[PDB]
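Asks: What follows is a structure written as structure tokens; I'll ask about it next.
Here the Cβ is made from the backbone with ideal geometry for all residues, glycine too, and neighbour counts use every protein chain on show. What follows is calculated from the coordinates using simple rules that are stated; it is not laboratory data.
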Amino acid sequence: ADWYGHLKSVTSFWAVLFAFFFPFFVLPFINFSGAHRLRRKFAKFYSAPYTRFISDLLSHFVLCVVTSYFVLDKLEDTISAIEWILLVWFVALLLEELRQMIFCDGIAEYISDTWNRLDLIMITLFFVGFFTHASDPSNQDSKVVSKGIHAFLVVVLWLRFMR
Amino acid sequence: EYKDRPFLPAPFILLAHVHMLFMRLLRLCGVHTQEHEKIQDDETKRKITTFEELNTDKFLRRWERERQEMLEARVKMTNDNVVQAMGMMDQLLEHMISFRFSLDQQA
Amino acid sequence: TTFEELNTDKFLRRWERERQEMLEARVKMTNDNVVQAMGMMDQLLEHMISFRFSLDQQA
Amino acid sequence: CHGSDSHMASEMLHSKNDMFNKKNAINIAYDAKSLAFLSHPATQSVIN
Amino acid sequence: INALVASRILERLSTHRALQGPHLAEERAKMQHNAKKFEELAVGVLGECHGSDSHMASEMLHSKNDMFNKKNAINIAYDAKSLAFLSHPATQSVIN
Amino acid sequence: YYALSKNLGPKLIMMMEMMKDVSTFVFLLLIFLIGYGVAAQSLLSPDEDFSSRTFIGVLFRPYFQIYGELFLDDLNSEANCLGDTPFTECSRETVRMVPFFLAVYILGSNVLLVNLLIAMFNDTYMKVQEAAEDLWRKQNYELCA
Amino acid sequence: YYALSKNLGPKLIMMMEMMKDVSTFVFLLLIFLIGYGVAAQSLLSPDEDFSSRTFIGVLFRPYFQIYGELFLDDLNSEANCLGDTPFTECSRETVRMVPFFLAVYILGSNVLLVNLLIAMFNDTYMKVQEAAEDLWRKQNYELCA
Amino acid sequence: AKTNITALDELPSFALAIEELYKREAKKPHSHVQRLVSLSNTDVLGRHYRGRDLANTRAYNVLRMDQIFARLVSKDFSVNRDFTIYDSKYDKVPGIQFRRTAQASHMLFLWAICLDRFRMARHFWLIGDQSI
Ligand SMILES: CC(C)CCC[C@@H](C)[C@H]1CC[C@H]2[C@@H]3CC=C4C[C@@H](O)CC[C@]4(C)[C@H]3CC[C@]12C
Ligand SMILES: CC(C)CCC[C@@H](C)[C@H]1CC[C@H]2[C@@H]3CC=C4C[C@@H](O)CC[C@]4(C)[C@H]3CC[C@]12C
Ligand SMILES: CC(C)CCC[C@@H](C)[C@H]1CC[C@H]2[C@@H]3CC=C4C[C@@H](O)CC[C@]4(C)[C@H]3CC[C@]12C
Ligand SMILES: CC(C)CCC[C@@H](C)[C@H]1CC[C@H]2[C@@H]3CC=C4C[C@@H](O)CC[C@]4(C)[C@H]3CC[C@]12C
Ligand SMILES: CC(C)CCC[C@@H](C)[C@H]1CC[C@H]2[C@@H]3CC=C4C[C@@H](O)CC[C@]4(C)[C@H]3CC[C@]12C
Ligand SMILES: [Ca+2]
Ligand SMILES: [Ca+2]
């Protein structure tokens with residue numbers, strides 16, 4: 001009941017996913033618990049833990065798919081647009097990990113969890129690989145070594161999606 | 001874990017981070033905004049308290065009966081009861097000897 | 001109809017005996033019986049005190 | 001019933017009763033979703 | 001031997017054509033019950049014999065009896081299909 | 001038509017019950033297959049444009065390597081390693097990590113996941129055998145009707 | 001002559017008991033083998049007259065692919081696909097469905113049916129072990145006589 | 001009171017007695033019988049059609065209750081009643097007293113299942129026939 005928040009308990013994974021993907025077309029015609037109604041239903045639906053998990057899953061799934069595309073496709077002679085997007089994404093992930101470090105019951109409690117360990121390994125692997133490519137972008141050897149470190153990055157990312 | 005986490009998904013979580021930093025800076029240094037919450041009424045609190053005490057009494061009554069309906073408990077009581085039955089009879093014999101003497105000295 | 005009614009009665013008789021032959025039921029009856037035995041004796045003592053008094057006032 | 005006379009018991013299970021829309025005991029048992037009744041050997045012998 | 005034969009006669013009669021019939025069912029159950037009881041007796045005495053004197057017990061199991069067509073107790077036990085008797089350690093020791 | 005048999009009918013209901021464990025196994029392997037497949041395909045061909053062939057390379061070998069068909073001769077030919085030892089004297093030093101990744105992967109898929117399915121199947125069988133038999137006895141009437 | 005041994009004799013009776021589970025497995029696989037075999041043989045050779053070779057093609061590979069010998073190199077040669085990727089640049093686009101059908105088939109045969117037999121074998125063993133031991137003790141007298 | 005429905009006027013006296021047992025039990029607070037009859041959305045004779053005065057004064061009749069129990073068994077369960085046997089002209093038929101007993105027993109049985117009183121349910125089940 002806490003998981004689903006202010007929403008009916010009969011909602012399935014596909015129903016919440018469809019409502020998340022199509023906000024204006026499935027939400028009004030549903031039962032829960034104008035500006036002050038549409039606004040009330042949004043403010044209630046997106047504050048639900050389940051909705052934030054679903055958003056985190058999809059986000060991590062797109063991260064896995066794009067990073068997978070990035071490591072399979074050849075690296076350009078300069079830093080590409082998808083590389084910049086991934087750079088912004090992994091800084092954001094690093095800041096989220098730091099926020100989790102500060103707002104917890106100690107560094108030991110945070111580092112005890114295996115998924116947090118996987119998060120550090122994936123941030124560490126990406127930047128090693130990125131800086132390896134970004135040090136000499138036209139060098140063929142740098143691109144080969146960068147893809148070699150990023151193979152390990154994709155393995156840890158798909159392992160972390162089991163969370 | 002997912003209750004306290006910001007809603008915005010990961011690529012866009014930077015907006016949430018800068019928003020939390022802005023609120024922390026505005027609260028610590030600026031001291032302009034604050035926190036608002038809702039407090040449960042005393043009526044609903046006493047209702048919860050009354051419900052919990054009743055159900056506590058109900059579980060203790062059900063628990064006591066159920067433990068008295070076990071096979072071991074029944075054998076143990078039966079055992080104590082037969083011992084108490086002897087003791088009573090033993091008192092009864094003590095009385096009958098006293099009677100015997102009353103008639104004996106009566107003859 | 002006659003066959004079904006008879007067999008219904010036969011199952012109820014077999015069912016009643018079988019439930020009375022269980023260990024729990026036997027312990028429970030035995031338990032009630034010892035309690036009833038005390039009650040009877042208790043009535044018996046009540047009588048013996050009444051006798052004691054009859055001889056007591058008889059002396 | 002199956003202990004006393006198996007053939008007559010089969011005749012009772014095959015009997016159509018007028019009170020319940022002219023349907024036998026197995027049809028009502030299936031309609032009542034009585035899995036225990038349907039898995040019984042007497043019932044299985046009639047079905048076979 | 002008599003307990004084993006008794007067990008076989010009651011078990012085979014209980015499934016015989018003269019006791020076959022839709023109404024001839026309760027009777028049948030009682031026989032099987034009596035049959036197993038007799039089987040239990042045959043095993044039990046055998047066990048007692050092996051407990052008291054193992055060698056003499058082996059001598060009794062090897063003894064040919066004239067009343068039953070000059071055949072020992074294991075042959076009648078096999079003929080009576082008494083699986084419980086044949087799987088007993090005393091019987092297995094004689095067979096070995 | 002197998003459902004009328006006493007030996008096969010329950011086993012077909014039992015098969016429909018195991019399908020959930022098979023689906024559970026598919027969801028758990030999918031993680032290791034896509035991770036190893038993207039990593040291995042990228043390591044083998046680090047200077048190729050993405051195409052449909054890249055996607056076929058990510059799902060083709062990894063899936064069939066979990067059934068014991070290990071394409072090590074084919075992987076050796078694709079890696080451009082000319083040595084007598086299978087992964088030696090290669091053009092790029094990164095492609096020599098291809099057998100290790102594989103070494104981890106089949107440890108994850110064959111030693112861990114396959115044996116875990118055997119354990120689920122045994123547990124599932126013991127749990128739903130009597131219910132499958134009962135359901136077959138209800139379906140016996142259904143088929144007769 | 002193995003029946004006199006205490007270790008092997010019961011196991012031979014146990015083997016004769018499992019034969020029914022083996023037969024059950026054969027009847028369930030037969031469905032997937034003939035379905036996949038007719039479909040795969042027809043997809044590989046869609047313009048050939050029926051002969052005895054067509055029938056041998058329907059039963060030969062499908063049966064031996066359930067033991068891990070996957071004839072993917074042979075299937076690639078037979079499909080007339082010239083690409084570096086195994087099933088690409090083919091003459092007909094329909095023959096590229098051959099690895100998928102296979103992908104479903106070995107999921108049906110190796111992951112589902114083989115593990116189900118392991119479960120039956122374990123269940124059957126636990127059920128008939130004491131009876132097999134008793135039957136061996138009766139056969140001990142039979143062999144002595 | 002007299003009713004315009006011809007099915008209702010055919011009903012015997014005992015049917016009205018069960019109707020009284022349903023009414024008397026139903027007037028008690030938080031009774032599940034009232035909720036069951038109200039949420040069904042059916043008319044007085046139990047047909048699924050959803051004037052008002054008969055439908056409310058005699059809302060716990062035996063025919064409607066038979067229809068409610070019929071819907072609770074399955075979608076095509078339909079209990080057949082024959083009250084024509086209670087007329088005095090069918091007294092000479094052999095065994096009639098058992099048949100009259102059996103149906104009467106059946107309707108109180110159903111009433112005893114509805115009020116979840118197991119002991120009278122077991123008793124009326126034993127009195128009647130078609131036990132299984
Ligand atoms: C915790 C785990 C994930 C750590 C993994 C470490 C990885 C990213 C590092 C550790 C050692 C590294 C290798 C060390 C040396 C060489 C030789 C060079 O000519 C090509 C790159 C290559 C082959 C490196 C690739 C990346 C590498 C494999
Ligand atoms: C953390 C766990 C997974 C263990 C990680 C072990 C990794 C880092 C090791 C295991 C085997 C190693 C490889 C073995 C041999 C060679 C050839 C050498 O000329 C360059 C490095 C290279 C290519 C190594 C790179 C690092 C390597 C892949
Ligand atoms: C019981 C098991 C786990 C034993 C462990 C076996 C491991 C350590 C073995 C098995 C296969 C091996 C690999 C086989 C071939 C190569 C290519 C070579 O150029 C570098 C070393 C490397 C990459 C080996 C690394 C170590 C390796 C992964
Ligand atoms: C319903 C279940 C079994 C899933 C069905 C998936 C089927 C319809 C899919 C899965 C893989 C697909 C094939 C994958 C790739 C190609 C190559 C393309 O150039 C023509 C279509 C073709 C040959 C596809 C045909 C349809 C196909 C066989
Ligand atoms: C965990 C398991 C189930 C993962 C699923 C793997 C599936 C989706 C993979 C494994 C092998 C794959 C096939 C391998 C090769 C080809 C030939 C190509 O020309 C079209 C796609 C096609 C036909 C692939 C379709 C997808 C496929 C069937
Ligand atoms: Ca984390
Ligand atoms: Ca009766």
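Asks: Which numbered condition trips up G:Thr24, out of (1) out of contact with any helix residue (DSSP H, G or I) (no Cβ under 7 Å at 6 or more places or on another chain); (2) of a type in the set (S, T, N, Q); (3) within 28 Å of G:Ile118 (Cα to Cα)?
Replies: Unmet condition: (1).
Asks: A further question on this structure: Return the only residue of F:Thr94, F:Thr88, F:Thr124 being away from ligand 7 (no atom under 16 Å from the Cβ), surrounded by fewer than 12 Cβ atoms within 10 Å (Cβ to Cβ) and of a type in the set (S, T, N, Q).
Replies: One residue alone meets the criteria, F:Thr88.
Asks: List pairs: first residue in region F:107-122 and within 10 Å of chain G (Cβ to nearest Cβ), second residue hydroxyl-bearing (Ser, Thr, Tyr) and within 16 Å of ligand 5 (Cβ to nearest atom) anywhere in the structure, Cβ distance under 9 angstrom, at least six positions apart or on different chains.
Replies: These pairs meet every condition: F:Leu117/F:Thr24; F:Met120/F:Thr24.
Asks: If I ask for residues that are in a loop (DSSP other than H, G, I, E, B) and either in contact with a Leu (Cβ under 7 Å, 6 or more places away or on another chain) or more than 14 Å from chain C (Cβ to nearest Cβ) (or both), which ones from region B:37-82 would you list?
Replies: Correct list: B:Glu37, B:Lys38, B:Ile39, B:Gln40, B:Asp41.
Asks: Would you mention how many residues in region D:5-42 are polar (S, T, N, Q) and touching a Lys or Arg at 6+ places or on another chain (Cβ under 8 Å)? Step through it out loud before you land on a result.
Replies: Within region D:5-42, the first condition is being polar (S, T, N, Q), and the residues that meet it are D:6, D:10, D:15, D:17, D:21, D:24, D:27, D:34, D:39.
Retained after the next criterion (residues that are touching a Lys or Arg at 6+ places or on another chain (Cβ under 8 Å)): D:17, D:24, D:39.
Summing the residues that are polar (S, T, N, Q) and touching a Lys or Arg at 6+ places or on another chain (Cβ under 8 Å) in region D:5-42 gives 3.
Asks: Can you say whether B:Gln34 is farther than 30 Å from A:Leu86 by Cα and more than 14 Å from chain C (Cβ to nearest Cβ), as far as the supplied structure shows?
Replies: The answer is yes for B:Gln34.
Asks: Could you pull out the residue among E:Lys70, E:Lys64, E:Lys30 that is on the phi > 0 side of the Ramachandran plot and not hydroxyl-bearing (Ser, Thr, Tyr)? Write out each step before concluding.
Replies: On the way: E:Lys64 fails: on the phi > 0 side of the Ramachandran plot; E:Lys30 fails: on the phi > 0 side of the Ramachandran plot.
From the options E:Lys70, E:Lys64, E:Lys30, the qualifying one is E:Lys70.
Asks: Can you run down the residue pairs with Cβ atoms below 6 Å, 6 or more apart or on separate chains, where the first is in region F:81-102 and more than 9 Å from chain A (Cβ to nearest Cβ) and the partner is within 13 Å of ligand 1 (Cβ to nearest atom) and not in a helix (DSSP H, G or I)?
Replies: As it stands, the answer is F:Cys81/F:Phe87; F:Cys81/F:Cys90; F:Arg96/F:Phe87; F:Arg96/F:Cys90; F:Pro99/F:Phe87, since those pairs meet every condition given.
Asks: Then there's this: Can you pull out the helices (runs of 4 or more DSSP H) entirely within region H:46-132 that have at least 2 residues that are within 16 Å of ligand 7 (Cβ to nearest atom) and in contact with a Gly (Cβ under 8 Å, 6 or more places away or on another chain)?
Replies: The helices (runs of 4 or more DSSP H) meeting that bar are H:96-114.
Asks: Ok, one more. Scan region F:44-53 and give yes if some residue there is touching a strand residue (DSSP E or B) at 6+ places or on another chain (Cβ under 9 Å) and either surrounded by fewer than 18 Cβ atoms within 10 Å (Cβ to Cβ) or polar (S, T, N, Q) (or both), otherwise no.
Replies: no
Asks: Is it true that some residue in region H:70-90 is out of contact with any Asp or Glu (no Cβ under 7 Å at 6 or more places or on another chain), closer than 26 Å to H:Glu25 by Cα and of a type in the set (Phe, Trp, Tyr)?
Replies: Among the residues of region H:70-90, not one is out of contact with any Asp or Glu (no Cβ under 7 Å at 6 or more places or on another chain), closer than 26 Å to H:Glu25 by Cα and of a type in the set (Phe, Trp, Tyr), which makes the answer no.
Asks: Residue under question is D:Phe20, and the condition is that it be within 19 Å of H:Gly128 (Cβ to Cβ) and away from chain E (no Cβ under 14 Å); does it hold?
Replies: yes
Asks: Among the listed residues E:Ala42, E:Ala29, E:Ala84, E:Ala25, which satisfies the condition of being of a type in the set (A, V, I, L, M) and buried (at least 19 other Cβ atoms within 10 Å of the Cβ)?
Replies: Going through E:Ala42, E:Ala29, E:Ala84, E:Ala25 in turn, just one is of a type in the set (A, V, I, L, M) and buried (at least 19 other Cβ atoms within 10 Å of the Cβ): E:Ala42.
Residue-by-condition table, conditions (1) farther than 22 Å from E:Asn96 by Cβ; (2) in contact with a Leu (Cβ under 6 Å, 6 or more places away or on another chain); (3) away from chain D (no Cβ under 14 Å):
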| position | (1), (2), (3) |
| --- | --- |
| E:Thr15 | yes, no, yes |
| E:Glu27 | yes, no, no |
| E:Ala35 | yes, yes, yes |
| E:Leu46 | no, no, yes |
| E:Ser58 | no, no, yes |
| E:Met67 | yes, no, yes |
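Asks: Would you check if A:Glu96 is away from ligand 5 (no atom under 16 Å from the Cβ), buried (at least 16 other Cβ atoms within 10 Å of the Cβ) and away from chain F (no Cβ under 14 Å)?
Replies: yes
Asks: Answer with yes or no whether A:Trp115 is away from chain F (no Cβ under 12 Å) and closer than 26 Å to F:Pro46 by Cα.
Replies: Spelling it out, it is not the case that A:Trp115 is away from chain F (no Cβ under 12 Å) and closer than 26 Å to F:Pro46 by Cα.
Asks: Go through region H:1-37 residue by residue and tally those that are loosely packed, with under 10 Cβ neighbours inside 10 Å and hydroxyl-bearing (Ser, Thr, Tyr).
Replies: Here the count works out to 2.
Asks: Among what's in region A:99-130 and is more than 23 Å from A:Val66 (Cβ to Cβ) and of a type in the set (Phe, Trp, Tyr), pick the residue that is nearest to ligand 5 (Cβ to nearest atom).
Replies: The extreme case among them is A:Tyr110.
Asks: Let me ask something additional. Just one of the numbered conditions (1) more than 9 Å from chain B (Cβ to nearest Cβ); (2) assigned to a loop (DSSP other than H, G, I, E, B) is not true of A:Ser47; which one?
Replies: (1)
Residue-wise test of (1) away from chain D (no Cβ under 13 Å); (2) closer than 16 Å to H:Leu21 by Cα; (3) away from ligand 4 (no atom under 16 Å from the Cβ).
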| site | (1), (2), (3) |
| --- | --- |
| H:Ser78 | no, no, yes |
| H:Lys92 | yes, no, yes |
| H:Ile96 | yes, no, yes |
| H:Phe109 | no, yes, yes |
| H:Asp116 | yes, yes, yes |
| H:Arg119 | yes, no, yes |
| H:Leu126 | yes, no, yes |
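Asks: Give all pairs with beta carbons closer than 9 Å in which a residue from region H:115-132 that is closer than 17 Å to H:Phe69 by Cβ meets a residue that is within 16 Å of ligand 3 (Cβ to nearest atom) and not β-branched (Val, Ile, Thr); count only pairs at least 6 apart in sequence or on separate chains.
Replies: none
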